[PDB]
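Down below is the structure, laid out as structure tokens.
Proteins come first, then strands; the chains are lettered A, B, ... in the order of their sequence lines, and each starts at number 1.
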Amino acid sequence: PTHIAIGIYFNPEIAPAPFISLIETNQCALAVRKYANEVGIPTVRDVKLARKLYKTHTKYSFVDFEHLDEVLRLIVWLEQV
Amino acid sequence: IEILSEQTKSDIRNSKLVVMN
């Protein structure tokens, strides 16, 4: 609710959909963010997507067809740069 | 003081990004 962290993995040889590697909330979410930054994993703020995925998905699952492109757009930007 | 378990740390290390609100 207050704080959300969703980890995203991606490998196109396995499926065209991104894969959710973690879902944490509140204080644990804040620790995920700090560690991610410390170990050089990009942390991207997108408040509506974070909520969406939290409300629709369980951890260790592929993003459903409905939200695939909204998630993939982030990976594509990070690749463009 | 460690907040995260080993498996969560690994999951983070194995991700392309973390999406947050």
If you round to the nearest 0.5 Å, how far is [atom2] of [Y] from [atom1] of [X]?
| X | Y | atom1 | atom2 | result |
| --- | --- | --- | --- | --- |
| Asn37(A) | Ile12(B) | CG | CD1 | 11.0 Å |
| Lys16(B) | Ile41(A) | NZ | CD1 | 8.5 Å |
| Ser21(A) | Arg13(B) | OG | CZ | 12.0 Å |
| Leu4(B) | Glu24(A) | CG | CD | 8.0 Å |

_For the interface with chain B, which of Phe10(A), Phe19(A), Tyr54(A), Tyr60(A) has the highest count of heavy-atom pairs at distances below 4.5 Å?_
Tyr60(A)
*Would you indicate whether the side-chain heavy atoms of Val18(B) and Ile6(A) approach each other to under 4.5 Å?*
no
_Less than 4.5 Å apart, side chain to side chain, heavy atoms only: is that true for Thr43(A) and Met20(B)?_
yes
*For atom NZ of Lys9(B), decide whether the heavy atoms of other residues, nucleotides or ligands shown that lie under 6.0 angstrom number more than 12.*
yes
*Report yes or no: do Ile20(A) and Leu78(A) belong to one cluster of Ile/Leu/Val/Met/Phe/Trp/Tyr joined by side chain heavy-atom distances under 4.5 Å?*
yes
*Are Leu30(A) and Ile4(A) connected, step by step, through hydrophobic side chains (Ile, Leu, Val, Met, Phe, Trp, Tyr) whose heavy atoms are closer than 4.5 Å?*
no
*So, the side chain of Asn21(B) versus the backbone of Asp46(A): is there a donor-acceptor pair under 3.5 Å, distance only?*
no
*Does any N or O in the side chain of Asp11(B) come within less than 3.5 Å of the main-chain N or O of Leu22(A), such that one atom is a donor and the other an acceptor?*
no
